[PDB]
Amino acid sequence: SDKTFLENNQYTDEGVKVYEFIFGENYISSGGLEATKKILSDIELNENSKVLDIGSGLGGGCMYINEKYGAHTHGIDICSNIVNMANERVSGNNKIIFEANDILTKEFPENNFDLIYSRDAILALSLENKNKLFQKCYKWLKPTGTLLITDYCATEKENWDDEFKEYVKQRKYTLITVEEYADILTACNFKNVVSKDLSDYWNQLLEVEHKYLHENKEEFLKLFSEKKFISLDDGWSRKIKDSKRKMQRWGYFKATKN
């Protein structure tokens, strides 16, 4: 299954901790806390709001949203191990819930959420399933609700080089263009669809992370291994190179139900 693939490879316990080291405490999403602050900078919610976080990971996003706004946050992630980790980092807070489930089968009421939020998680879904997911999101949003997404995107497949092809294949990602992604949202009837190619900003975030990794190599080696360091270092190097030339892209999407 997809769950087994993710838990046994990219998102083993150790894989998750390695990612957390570079992204920052409670994050496996690009730019950790700082990108979260920026992405939510024009979003308004309050203590009565209901938020869904698709691919909630280590829970930092939900923690931040609940801290900033006092909103109810419900995170869903397919990896049981990551959800277990997230649940270890929050206590005594009845407005944060993390649930291990498949978002493609999970049931939520129509007109339920003020915000549906997702950070670098939908890349794992096939194109067919991306469309199915956004149809569900449309239903699940309140009439007054907002959809807010970042995700890994790419140039057209015809332009990919050997190394990028191998990365996408090994990861089992389905990476589409920012423009194709926006078109899915439009096709799902979302209004006010705003898409931004934030590859340059993503490149900046990657550079901050890369510098951090290099400056904290000794600590990393104590926690992990040189082999894992090299893999991480090389992985960020490629993302930096590929975002600079727009082969690997970072898409931002915001839309509304009405």
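In case it trips you up, residue 1 is the first one in the sequence shown, and so on.
Taking the mean C-alpha B-factor of each stretch as recorded, 12-20 and 246-254 are not equal, and the higher mean is that of 12-20. Taking the PDB entry as given, 107-115 carries the higher mean Cα B factor of the two stretches 180-188 and 107-115. Comparing the C-alpha B-factors of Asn46, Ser30, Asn203, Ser56 in the entry, the top value falls on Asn46. Across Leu175, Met85, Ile149, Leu141, the entry's maximum B-factor at the CA atom is seen for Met85. Per the PDB record, residue ranking by Cα B-factor puts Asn216 in the highest third of the chain.
Split the chain's modelled residues into thirds by C-alpha temperature factor. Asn93 is in the highest one. When the CA B factors of the chain's modelled residues are split into thirds, the value for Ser80 lands in the highest one. Annotation for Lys130: C-alpha temperature factor in the lowest third relative to the rest of the modelled chain, per the entry. Remark: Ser195 belongs to the lowest third of its chain, ranked by C-alpha B-factor as recorded.
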